[PDB]
Amino acid sequence: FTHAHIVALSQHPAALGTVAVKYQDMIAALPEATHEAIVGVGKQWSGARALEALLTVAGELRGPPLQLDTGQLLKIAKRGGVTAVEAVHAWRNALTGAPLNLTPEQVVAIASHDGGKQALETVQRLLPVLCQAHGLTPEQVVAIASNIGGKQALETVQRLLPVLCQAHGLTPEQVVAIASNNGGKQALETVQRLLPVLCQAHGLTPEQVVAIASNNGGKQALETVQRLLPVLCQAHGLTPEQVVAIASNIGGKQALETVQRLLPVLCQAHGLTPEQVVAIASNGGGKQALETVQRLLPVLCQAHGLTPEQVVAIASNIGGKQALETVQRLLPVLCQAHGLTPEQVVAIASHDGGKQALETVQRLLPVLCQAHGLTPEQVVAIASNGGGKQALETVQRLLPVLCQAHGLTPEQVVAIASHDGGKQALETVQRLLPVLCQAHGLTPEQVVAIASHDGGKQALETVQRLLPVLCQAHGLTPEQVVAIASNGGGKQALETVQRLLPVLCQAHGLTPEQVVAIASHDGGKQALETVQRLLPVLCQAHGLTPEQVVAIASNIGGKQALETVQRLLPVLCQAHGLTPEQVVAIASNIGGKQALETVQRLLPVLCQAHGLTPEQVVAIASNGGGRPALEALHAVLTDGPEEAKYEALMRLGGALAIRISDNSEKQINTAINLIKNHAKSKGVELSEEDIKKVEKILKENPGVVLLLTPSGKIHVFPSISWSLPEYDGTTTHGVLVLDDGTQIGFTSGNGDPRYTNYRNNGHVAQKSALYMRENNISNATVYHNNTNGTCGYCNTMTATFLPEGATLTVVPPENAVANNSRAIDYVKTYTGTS
DNA sequence: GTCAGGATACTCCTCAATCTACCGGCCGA
DNA sequence: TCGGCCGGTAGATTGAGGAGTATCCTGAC
Ligand SMILES: [Zn+2]
């Protein structure tokens, strides 16, 4: 023992005398009893009595009925106390091997709580009653009973479950959720008393009240919500959803009161928007984070050079105040000694338990970098995760054995550990790699792929359990099982497949390959359940073939896409004139729900005001990331530079940009003829009045640029300069000059669909040659802004599109430098052949 | 001796967006 | 042999947000 241990036992004076006298036989009856466990047991309210009970009982308690090891006994004595140990001794054979049928783990979980003897006797006397009359799962009863004051929770559940289920319409799962917390009797009683008042007077959804009251001290949160809903909604302009999001956390009453007190201070003296404040306060212990922000925002923003956004990001997590003080204390030493940039420190500190991650990084960066050969970036990657302290310690402990005995490489171990719960995945790999690679015929790279994702331990265990079942009974392949399991929540996907594969392949006429394809993404359980529920509805009520539904579902958010298609098929098919194929194509992408909703919102605006044919909007949305693309296009079009609108509308495709040189009548007539030819090619009539108006605007404004979109409307750009834009490395701009002097704008991309076979399709020279062929132009000259010169393919395939006898002169920019063996930096003429 | 409220820290799942490697029919110099 | 200022397909990161589990603490009887 050390002086710190004696200080620890100083809380219980009788334990200090007991330990110093009977230490010889405590370790004798309890092998592998460390000093920390002893000081933890002895410093409780009954430390001496608990140690005496452990000495007396642990010798025989390890029998067949319980077979509890020394760790379980120490945990019971530390948490339950001497009374819990005595109760367990008195009821060794009553709890297990009886109609109760409780495994030793459940008994240990129930007993190792404050006042756990009462919980043990109460679960003993109510388990048959709760299981028979009220139809409660024994696991649920054990979950309710394993809480501080769990006897009161059990009694209140027995008294009030029928009332809550009948007179208030709550499922038994919800009541079990409410009553599985400390002081659950108070939460149940307050829910029963205040459910109507909150649901009708304050307009609260019953599930919202349940979410509020399913936390520790939920009675206080409910009463505080009732008290402070009008104040925060009216005097501070907070939507009720924000208030119920604040209050749905442990200590939500304190968070609500602190918000009500400090919102004006944090909003009129620190420059924080209310959204930032309610994001800070929407986490466990949000009052502490709010107060620490109010105290340390100037210090961390003026001396340590952190933006307020970084401070809000650090403080928007569980234990945010601990992270804020740790950042203040450790930023100079983590930056001026260990070499981390402040962004990396902020990234490490921006997760739950960020204080532990930062302290562990400061402690273990040199040893992990030197003894194990890890890069600092790898250590930061491991640490920038929830529970990163545990992952770093596990990496330090298990890198040699995993790299040497199991044949893994450090990169594989780091990849496994760089995830939430990476310690569990590492331990599970180190335990299960031989049996998986020997009995089930897997390979180490497959095991690493399975274990890399979050919940890799659960996926590994589920694979080790279900691979023979799925491969023999259901006729799958080990590769298909590995593909299903190599995703986030792969255990749920594996179980859902093992349940629904015969049903899906028999009732709905699907294919095992189709099921494996749907199940091989994140939320594959959700996608499988949605497919099983909605395949008939989509097939008859909307006329969608099963292949289309499988194509929609085989995406990361497939459930959301399927529900969005169900909701939005008729309105988009009728109110917007979209074929079902277009909606299916839009939704058959990651984030297809967002694309569908964005199309719903922004189809009329782009179609009527701007000049976008529905085909262009569908094509933009039919790609991945459809919402950001549509939003960016709308933002550029509604308010942006004239040039930027020019490139956006050119890249949309199908547009013709024409600029005149002189106000002579002949050039105006030629431009009108070209516009008419393009419009007839697009199949839209320009009408005489619009032709007269555009001729007037062309003859009255010199240097104006006209843009004819496929929709029909003509955009006018009066000032977009007389020179080619500087090359941006992504898009090339070209100007075609004819004999008279008119200039035609071209942009790389959007090639001719019937010439996809050509490797020069979509290039500026190819587009110019196609334009010359379509408009019957004898000769022309192209100026492009690309500094890499003409493409290699366009050097030989250009004189294949333009008609024979036509001369096209390509002129690269003066400062062009060829980057390839086939590019050209000099002016070149092209004459076509047959 | 038991109970309640709060407080952190860690683990597993679902969804969205972006990035990257890949292929492919058609040409003369 | 050797050249894509293109576009589709498929996979592989990146990031966020939301739940669920777990241990601890103080104050009050
Ligand atoms: Zn080219």
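Per the authors' numbering, the first sequence starts with residue 52, numbered consecutively.
Even for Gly, the Cβ is constructed at its ideal location relative to N, Cα and C.
Here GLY201 carries a helix assignment [DSSP, helix/strand/coil]. In the three-state reduction of the DSSP assignment, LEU653 falls in the helix class, which pools H, G and I. Remark: the C-beta of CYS842 is in contact range of ligand 1, defined as less than 7 Å to any heavy atom. Within its own chain, no residue has a Cβ closer than 6 Å to the Cβ of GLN183 once the five positions on either side in sequence are excluded.
Beta-carbon to beta-carbon, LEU579 and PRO563 are separated by about 13 Å, too far to satisfy the 8 Å threshold. For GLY856, the closest alpha carbon among the candidates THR880, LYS440, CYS842 is that of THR880.
In the three-state scheme derived from DSSP, where H, G and I count as helix and E and B as strand, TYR834 is classed as strand. Residue nearest to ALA510 within the set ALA490, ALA524, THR547, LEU314 is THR547 (criterion: CA-CA distance).
In the three-state scheme derived from DSSP, where H, G and I count as helix and E and B as strand, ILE603 is classed as helix.
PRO461 has its alpha-carbon roughly 24 Å from the corresponding atom of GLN407.
Straight-line measurement puts the Cα of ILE195 at about 12 Å from the Cα of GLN225.
Membership of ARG516 in the alpha helix (DSSP H) is indicated by the continuous run 507 to 523. Exclusion of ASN871 from the 7 Å shell around ligand 1 follows from its C-beta lying no nearer than that to any non-hydrogen atom of the ligand.
Boundaries of the alpha helix (DSSP H) around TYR844: 844 to 848. In this structure, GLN339 is the residue among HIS491, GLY438, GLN339, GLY643 with its C-alpha nearest to the C-alpha of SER367. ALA699 and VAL687 have their C-alpha atoms some 8 Å from each other. Around the Cβ of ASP803, a 10 Å sphere holds fewer than 16 other Cβ atoms; the residue is exposed. Selection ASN839, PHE768, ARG143 evaluated against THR783 yields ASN839 as nearest (Cα-Cα).
Secondary structure of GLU855 (DSSP, three-state): strand. Out of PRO863, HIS355, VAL139, the CA that lies nearest to the CA of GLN387 is found in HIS355. Within the same chain, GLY132, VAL133 come within 7 Å of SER97 by CB-CB distance, once the 5 residues on both sides are set aside. Taking C-beta separations shorter than 6 Å and ignoring five residues to either side along the sequence, the partners of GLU694 in its chain run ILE771, following chain order.
Under DSSP, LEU787 forms a beta bridge with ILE795, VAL833. Distance from the C-beta of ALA850 to the nearest heavy atom of ligand 1 is not below 7 Å.
Scanning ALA138, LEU177, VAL136, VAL431 for the CA closest to the CA of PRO150 turns up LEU177. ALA502 is positioned such that its CB atom lies closer than 8 Å to that of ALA476. Nearest in C-alpha terms to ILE828, of all of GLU512, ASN846, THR860, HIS685, is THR860.
In terms of Cβ geometry, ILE603 and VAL616 form a close pair [threshold 8 Å]. In the three-state reduction of the DSSP assignment, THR882 falls in the strand class. Separation of the CB atoms of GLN311 and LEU279 is rounded to 6 Å, and the pair is thereby assigned contact status at 8 Å. In this structure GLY370 does not touch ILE331 by the C-beta definition: roughly 13 Å separates them, more than the 8 Å allowed. Contact annotation: the stretch 639 to 659 does not touch the stretch 741 to 759, with fewer than three C-beta pairs closer than 8 Å.
Not one heavy atom of ligand 1 is found less than 7 Å from the C-beta of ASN808. About 5 Å separates the beta carbon of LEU81 from that of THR121, a gap short enough to meet the 8 Å contact definition. If you draw a straight line from the Cα of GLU258 to the Cα of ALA570, it comes to about 29 Å.
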